[PDB]
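In the form solved without its partner chain, a lone chain appears below as structure tokens.
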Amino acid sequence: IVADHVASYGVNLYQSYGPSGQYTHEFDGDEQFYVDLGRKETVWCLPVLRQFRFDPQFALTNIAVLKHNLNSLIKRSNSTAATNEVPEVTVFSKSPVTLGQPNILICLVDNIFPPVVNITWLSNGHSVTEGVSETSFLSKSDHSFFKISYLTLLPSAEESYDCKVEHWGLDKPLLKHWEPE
């Protein structure tokens, strides 16, 4: 479908594994907000959108409908389970690399299905905890997902990094290396 702008009001997701759910709104491929289903609060991704209110109860009520529909389809589809796809991982910096200037490493994990993944960062081969964040699962027209993880860093000659991706479509965790050069 061709359009000047495309929006999802919203992306509703519920899956048996967990079980887990997700509610987001998207405009032109970017996440406008998500609803924290556990805490029942709307978390705006864009500061200018904070001037609006969105009742988080809508997401909870909608996801509950998805849960009912999922149980019906599991029986009717004769327990047809999801197929694990091979995700595609790309690592790149947000800004041009300048040694000593704070930057952000971006790990794009594409072709995610089912939407269950672990995205972690390594620095000089050891796990990193501070400075890591990620988007929600972002929708694709083929109904798979992609997800983006961020790692703040100070580019230097003595630190190299890896984005570590765990997914059932991968027999081994996938490591995508990145160096400041």
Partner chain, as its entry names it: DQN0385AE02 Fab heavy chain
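Positions refer to the first chain, counted from 1.
One more form of this protein should be noted, the form deposited with its partner chain bound, which is absent from this view; the next part is about it.
- In the deposited bound form, none of the heavy atoms of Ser160 sits within 4.5 Å of a heavy atom of its partner chain.
- In the deposited bound form, at least one heavy atom of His68 sits within 4.5 Å of a heavy atom of its partner chain.
- In the deposited bound form, at least one heavy atom of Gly38 sits within 4.5 Å of its partner chain.
- In the deposited bound form, at least one heavy atom of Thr61 sits within 4.5 Å of a heavy atom of its partner chain.
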